[PDB]
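Taking the form deposited in one PDB entry, here's one chain by itself in structure tokens.
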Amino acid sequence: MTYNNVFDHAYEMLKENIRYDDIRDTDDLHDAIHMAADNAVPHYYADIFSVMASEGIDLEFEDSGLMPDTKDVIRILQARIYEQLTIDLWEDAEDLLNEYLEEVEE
């Protein structure tokens, strides 16, 4: 299981969420991006470790506020996947909102 496979599942969810709620502006994207991330983080420890081993994600947090102060190592790793997803989905936000708007024409 790789970070690229997890990111593809999150990107597809956000695409769906955009259509289901007719989202047109980045200022209304926060919750859709975070649900997509939540729905894409792996659940099994083994998949979480495999994702951390693959291309596209490092161990350091960008914002330490999204890092839990906890002794549970697996939660720290899950929180890091969750954070990278949200960052990468935000970089595709404008592109995705344009593709949605542009998919019909009279």
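Just count from 1 along the sequence shown to find any residue number. Only residues modelled in both forms are compared. Here the rigid core means the biggest group of C-alpha atoms that line up within 1.5 Å when the two forms are laid on top of each other.
Although not depicted, the form solved in complex with a partner chain is the subject of the following passage.
The shortest heavy atom separation between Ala93 and the partner chain in the deposited bound form exceeds 4.5 Å. The residue that stands out in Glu55, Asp63, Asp28, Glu60 is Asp28, the single one whose Cα moves by 2 angstroms or more between the shown form and the other one on a rigid core fit. Under a 2 Å criterion for C-alpha shift, the consecutive stretches of 3+ residues that differ between the shown form and the other one after core superposition lie at 23-28, 102-106.
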